[PDB]
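First comes the structure, then the notes that go with it.
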Amino acid sequence: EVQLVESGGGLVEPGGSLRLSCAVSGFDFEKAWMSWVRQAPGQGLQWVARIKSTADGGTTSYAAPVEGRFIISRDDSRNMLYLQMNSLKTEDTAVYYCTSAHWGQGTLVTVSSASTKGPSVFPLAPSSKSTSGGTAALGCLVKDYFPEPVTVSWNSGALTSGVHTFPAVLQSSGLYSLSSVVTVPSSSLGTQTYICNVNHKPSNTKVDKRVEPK
Amino acid sequence: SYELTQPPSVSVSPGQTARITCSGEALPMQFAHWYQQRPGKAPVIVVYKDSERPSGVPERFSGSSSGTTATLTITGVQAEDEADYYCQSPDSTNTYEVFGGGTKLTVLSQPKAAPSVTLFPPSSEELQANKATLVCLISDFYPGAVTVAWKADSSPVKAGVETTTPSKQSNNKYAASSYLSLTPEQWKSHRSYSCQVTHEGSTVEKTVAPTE
Amino acid sequence: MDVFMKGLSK
């Protein structure tokens with residue numbers, strides 16, 4: 001089966017540069033005409049660049065908003081595609097996809113003058129107002145971080161059922177916040193420990209936050 | 001320069017047949033391809049070279065192309081087919097690739113679900129850091145439209161409010177969240193704060209008070 | 001395995 005894995009996305013400031021990589025497996029990469037395609041939040045897909053097969057001359061083509069700033073290239077020996085991005089603009093913020101009929105998972109490019117900021121993690125304690133029908137809701141607030149993404153697990157990933165991690169809000173500040181809630185039996189609250197484990201890889205930060213009844 | 005035209009929306013009833021069109025000048029000379037993109041996931045091809053079905057794609061998805069229109073037909077539509085569908089084709093000289101605008105497909109008569117609303121007051125650790133956030137979480141509703149209003153006592157508050165767009169969840173339902181940022185002094189000064197969530201003529205108002 | 005873009009035209 002086919003898989004494409006993009007890497008290299010992250011936060012960079014306007015004017016900056018980045019290099020995106022894509023590892024291809026499962027088809028004859030030597031013959032493939034490969035493209036980059038990007039998707040800004042809530043927008044449609046926007047083709048970025050294409051490179052033909054080496055046997056067809058390896059010709060590069062660019063979308064007009066990126067022509068002259070970006071460079072697409074390929075390395076047949078390693079089944080690699082590359083996109084070198086320069087003079088980046090805030091409008092280039094998007095998920096970048098490597099594609100040749102099949103699609104990778106994408107890699108997030110954030111163009112912003114704002115600096116990287118790890119989260120402030122606060123507990124959302126279960127109370128009686130978050131208790132109904134024998135189950136209680138408790139969670140963590142992951143406040144004021146940048147860039148995306150943040151991922152949350154519970155009790156080091158031993159509690160995977162009944163977990164609801166919400167899409168992040170993008171605030172007026174430019175910063176993101178998100179919440180993760182787990183629903184648990186009410187009678188376990190006195191005896192079971194609950195810890196949310198926040199991972200913010202862009203700031204190399206992990207936070208384990210104990211959530212205790214109020 | 002070259003553009004592929006695709007209807008922004010198509011809506012159908014479960015089990016009947018959806019047709020998504022994609023119109024372009026170069027389609028007589030270039031292949032079109034069709035992609036399904038599910039909420040939060042990467043596109044997956046469903047039609048290759050006008051009319052070929054990729055392996056594993058269900059039989060109900062089929063494409064055809066003649067003249068300046070390529071068409072994706074979904075027979076016996078299911079709720080699970082709700083997604084955005086894109087066509088792709090190169091220009092007449094096959095120098096650059098072009099995407100359609102996308103077509104959001106909505107399956108009608110999906111059951112209405114009243115939202116679960118949970119409201120958290122500011123944590124004590126956050127208050128000691130001299131901040132205050134009320135967290136109003138809104139889950140498992142359909143259709144995907146809610147309005148959030150915040151109140152301090154009985155008075156509406158607009159400042160400090162941050163509310164997400166609803167996003168389609170796993171079960172094709174929606175979730176959203178709303179955040180009211182206050183100073184600890186504003187938190188303590190009022191008798192209560194309220195998150196009021198309206199959905200299809202139903203209103204739910206959760207209330208929290210600084211003394212509880 | 002054989003579904004990728006090969007630069008083919010009609």
Side-chain angles (χ1 to χ4, degrees), chain A residues 2 4 24 26-39 44-63 72 74 81 97-104, chain B residues 1-7 18-37 42-75 83-103, chain C:
Chain A
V2 173
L4 297 82
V24 179
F27 63 92
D28 189 5
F29 178 84
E30 178 192 337
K31 290 192 176 55
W33 287 28
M34 308 287 317
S35 275
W36 290 94
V37 180
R38 66 184 177 188
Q39 191 176 38
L45 306 157
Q46 192 188 19
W47 173 79
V48 173
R50 185 186 71 180
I51 184 156
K52 313 189 193 197
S53 61
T54 305
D56 295 334
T59 313
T60 62
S61 163
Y62 296 91
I72 185 169
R74 71 188 305 157
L81 186 69
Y97 290 102
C98 172
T99 182
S100 194
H102 306 285
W103 294 69
Chain B
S1 183
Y2 177 63
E3 35 199 320
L4 292 176
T5 301
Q6 229 187 311
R19 278 180 184 85
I20 304 170
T21 61
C22 173
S23 162
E25 192 152 35
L27 298 187
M29 317 106 78
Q30 309 287 345
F31 296 107
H33 319 264
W34 284 97
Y35 310 96
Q36 175 189 83
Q37 177 175 44
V44 307
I45 191 163
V46 294
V47 184
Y48 171 65
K49 270 165 47 149
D50 283 348
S51 65
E52 298 173 39
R53 173 177 305 116
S55 57
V57 167
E59 196 161 345
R60 62 159 186 291
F61 289 83
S62 73
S64 47
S65 179
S66 192
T68 48
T69 312
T71 298
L72 158 64
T73 300
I74 309 172
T75 69
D84 302 326
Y85 292 89
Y86 295 85
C87 65
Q88 176 200 5
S89 190
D91 77 297
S92 34
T93 81
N94 194 14
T95 302
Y96 57 81
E97 306 289 339
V98 175
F99 279 87
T103 298
Chain C
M1 156 148 155
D2 282 326
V3 176
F4 58 98
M5 302 296 192
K6 286 160 264 260
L8 310 177
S9 252
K10 295 185 202 182

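The sequence lines fix the lettering, A, B, ..., with proteins before strands; numbering per chain opens at 1. Side chains are part of it too, since the values below use all heavy atoms of this structure and drop only hydrogens, waters and symmetry mates.
Residues passing the ring pair (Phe, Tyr, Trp, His ring centres under 6.0 Å) test with B:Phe31, sequence neighbours excluded: none. Residues passing the side chain to side chain contact (heavy atoms under 4.5 Å, CB included) test with B:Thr71, sequence neighbours excluded: B:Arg19, B:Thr21, B:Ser64, B:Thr69, B:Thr73. Applying the side-chain hydrogen bond (donor to acceptor under 3.5 Å, both in side chains) test to B:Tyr35 and every residue at least two apart in sequence or in another chain returns B:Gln88. Every residue two or more places apart in sequence or in another chain that forms a side-chain hydrogen bond (donor to acceptor under 3.5 Å, both in side chains) with C:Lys10 is listed here: B:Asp50. Checked against side-chain hydrogen bond (donor to acceptor under 3.5 Å, both in side chains), A:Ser100 has no partners two or more places apart in sequence or in another chain. Judged as a ring pair (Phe, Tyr, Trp, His ring centres under 6.0 Å), and not counting sequence neighbours, the contacts of C:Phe4 are A:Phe27. Qualifying salt bridge (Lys or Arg N to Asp or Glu O under 4.0 Å) partners for B:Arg60, counting only residues two or more places apart in sequence or in other chains: B:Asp81. Residues satisfying the side chain to side chain contact (heavy atoms under 4.5 Å, CB included) test with A:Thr59, not counting sequence neighbours, are A:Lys52. Residues satisfying the side-chain hydrogen bond (donor to acceptor under 3.5 Å, both in side chains) test with B:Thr93, not counting sequence neighbours, are B:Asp91, B:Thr95.
In this structure, B:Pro54 and B:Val46 approach most closely via the heavy-atom pair CD-O, 3.1 Å. Between A:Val2 and A:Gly26, the shortest heavy-atom contact is CG2-O, 3.7 Å. Across every non-hydrogen atom of B:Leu4 and B:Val98, the tightest pair is CD1-O, 3.6 Å. Of all non-hydrogen atoms in B:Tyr2 and B:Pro90, the two that sit nearest each other are CE2-O, 3.6 Å. Across every non-hydrogen atom of B:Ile45 and A:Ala101, the tightest pair is CB-O, 3.6 Å. The two atoms that bring A:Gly104 and A:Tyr97 nearest to each other are O-CD2, 3.4 Å, heavy atoms only.
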Checklist entry - Stepwise, does the side chain to side chain contact (heavy atoms under 4.5 Å, CB included) test hold for A:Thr99 with A:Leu4? => result CA-CA 8 Å; A:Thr99 182; A:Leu4 297 82; 5.6 Å; no

Item to check | B:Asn94/A:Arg50 under side chain to side chain contact (heavy atoms under 4.5 Å, CB included): CA gap, chis, key distance, verdict | outcome: CA-CA 11 Å; B:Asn94 194 14; A:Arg50 185 186 71 180; 2.8 Å; yes

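Side-chain contact between B:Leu72 and B:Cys87: absent, with no pair of heavy atoms (C-beta onward) separated by less than 4.5 Å. Looking only at side-chain heavy atoms (C-beta outward), B:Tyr86 and B:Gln37 come within less than 4.5 Å of each other. Considering only heavy atoms from C-beta on, B:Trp34 comes within 4.5 Å of B:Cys22 through its side chain.
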Donor-acceptor contacts, no H, no angles, side chain residues 30-37 of chain A, under 3.5 Å, sequence neighbours left out:
{"from": "A:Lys31", "atom 1": "NZ", "to": "A:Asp28", "atom 2": "OD2", "distance (Å)": "2.9"}
{"from": "A:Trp33", "atom 1": "NE1", "to": "A:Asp56", "atom 2": "OD2", "distance (Å)": "2.8"}
{"from": "A:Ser35", "atom 1": "OG", "to": "A:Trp47", "atom 2": "NE1", "distance (Å)": "3.1"}
{"from": "A:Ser35", "atom 1": "OG", "to": "A:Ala49", "atom 2": "O", "distance (Å)": "3.3"}
{"from": "A:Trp36", "atom 1": "NE1", "to": "A:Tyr82", "atom 2": "O", "distance (Å)": "3.3"}

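With rounding to the nearest 0.5 angstrom, the OG atom of B:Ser89 is 6.0 Å from the CD atom of B:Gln30. Note that OG of B:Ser62 and CD of B:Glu52 are 13.0 Å apart. Values are rounded to the nearest 0.5 Å. Here the OG-NZ distance, from A:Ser53 to C:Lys6, works out to 11.0 Å after rounding to the nearest 0.5 Å.
Applying the ring pair (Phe, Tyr, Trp, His ring centres under 6.0 Å) test to every pair with at least one member in residues 43-70 of chain B, sequence neighbours left out, gives these pairs: B:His33-B:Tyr48. Pairs of residues two or more places apart, or lying in two chains, never qualify as salt bridge (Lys or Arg N to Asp or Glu O under 4.0 Å) while including a residue from residues 20-29 of chain B.
Relative to the ring axis of A:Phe29, A:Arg74 places its NZ or CZ within 45° and under 6.0 Å from the centre.
Side-chain contact annotation: B:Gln6 with B:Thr103, donor-acceptor N/O pair under 3.5 Å present.
Using a distance-only test at 3.5 Å, with no hydrogens or angles considered, a donor-acceptor pair links the side chain of A:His102 to the main chain of C:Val3.
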